[PDB]
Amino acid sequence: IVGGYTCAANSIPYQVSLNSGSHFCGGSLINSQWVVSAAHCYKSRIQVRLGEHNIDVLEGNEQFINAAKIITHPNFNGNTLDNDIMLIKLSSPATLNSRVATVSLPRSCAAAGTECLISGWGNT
C-alpha cells in the first residue's frame, strides 16, 4: 500500500498473510475454513497467517495454519489476469475471535464513487 496509513492493530480481522517462507500475498477470511485470494498468488504450498499485525514479530494473536486445498478459478488467464481469484482451504478451522474474523461477501456490486478500505503488507 502506497500513500496509506498504519491500520490499528487487528482492526482488519479478516486480513491474512500468505506465507511460503516469507509473506508474498494477502487474502480475506470468509468463513472459518476458507480464505479468498488472487489466482496469480498460487503456490503449491501456502501457510495462512491469521491475526497478524506485525508480520515479523510474534504478538500473541497469530494463528498459523497450512493450506489443505488451493483452488484457482478454472478460467484464470495468466497472461491478462482475468478471473484472478483463488480459494484456500485451511487444514484446520481458524479459531474466530475478536482478532480473527470473517468479512461478508457482497449482496450487490458497489456503485462508482463508493468509498472502500484496502489493506495489505505490500510495498509502500
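Numbers for residues come from their place in the sequence shown, where the first is 1.
Output the stretch having the higher mean C-alpha B factor in the entry; the candidates are 91-99 and 33-41.
Result: 91-99.
Top Cα B factor in the deposited entry, candidates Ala110, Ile12, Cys25, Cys116:
The record points to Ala110.
Considering every modelled residue of the chain and its Cα B-factor in the PDB entry, is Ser104 in the lowest, middle or highest third?
It falls in the middle third of the chain.
Record-listed C-alpha B factor of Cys7: chain third
Ranked within chain, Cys7 CA B lands in the middle tercile.
Where the record places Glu59 (Cα B-factor, split into thirds across the chain):
For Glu59, whose C-alpha B-factor we compare with every modelled residue in the chain, the answer is the highest third.
Going by the recorded CA B-factors, say which third of the chain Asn79 sits in, lowest, middle or highest.
Highest third - that is where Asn79 ends up once the chain's C-alpha B-factors are sorted.
Would you mind ranking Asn19 by its C-alpha B-factor against the rest of the chain and naming the third, lowest, middle or highest?
Ranked within chain, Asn19 CA B lands in the middle tercile.
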